[PDB]
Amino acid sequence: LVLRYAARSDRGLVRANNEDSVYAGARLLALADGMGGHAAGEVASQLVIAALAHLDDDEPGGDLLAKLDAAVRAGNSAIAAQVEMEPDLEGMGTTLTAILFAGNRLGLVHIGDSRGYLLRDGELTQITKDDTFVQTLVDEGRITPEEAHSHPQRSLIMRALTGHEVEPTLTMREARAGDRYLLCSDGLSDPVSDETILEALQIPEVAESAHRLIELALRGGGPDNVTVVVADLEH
């Protein structure tokens, strides 16, 4: 199995700079939505993606999940070390969603409100859980999935890599030929619904699909940095 991918990142129409970072290679897809004043979010997302990049070089083998886990923790430690060197960066952090492929298996690591999706046999499923305030309220039965869509704090992030102790979610999944994956920052999914994302993901060529996702986000106002990685598994 091989990966045919397209990655696209845009500042949007509002923000002064782009604090999303993204990696896409032969076996690793990774997306980090950074935050922090004075472009410190660029630093956090860069540091975490750089720590994961080496996972692209070799077949993971036995402990694919432990290797993903170690890379994420190494990125988180790099943030802590960078804050030590320049204490004015305190507060900076980033989400991370990444998939590492190994034949008919993949490892998924996730923290924050970036998203991973699978499109398989015409059906779209979100394979990550949002660390947002509305997700906390849904888990407690305080609101319904429907009221979450209009809640003023619906994009509010509750957990991220900030250089402190963290436990990201690690999942092993089955991967199939014909699958299409999407990684995205909340700059896509805040303005664009899953119904619309699905239509864009059925565009045959991966680069045209990714372009369309960015276009739709910008048509919804482009309030945030928007980043996507669209990838196909083929024979």
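Just count from 1 along the sequence shown to find any residue number.
Taking only CA atoms, the mean B-factor in the PDB entry is higher for 9-17 than for the other of 9-17 and 208-216. For the pair 41-49 and 162-170, the record assigns the higher mean C-alpha temperature factor to 162-170. Comparing the C-alpha B-factors of 62, 187, 178, 34 in the entry, the top value falls on 62. Among all modelled residues in its chain, residue 107 ranks in the lowest third by Cα B-factor. Annotation for residue 132: C-alpha temperature factor in the middle third relative to the rest of the modelled chain, per the entry. Residue 97: CA B factor in the lowest third of modelled residues in this chain (values from the PDB entry). Per the deposited record, the Cα B-factor of residue 183 falls in the lowest third when ranked against the other modelled residues of its chain. Residue 148 sits in the highest third of its chain by CA B factor, as recorded in the PDB entry.
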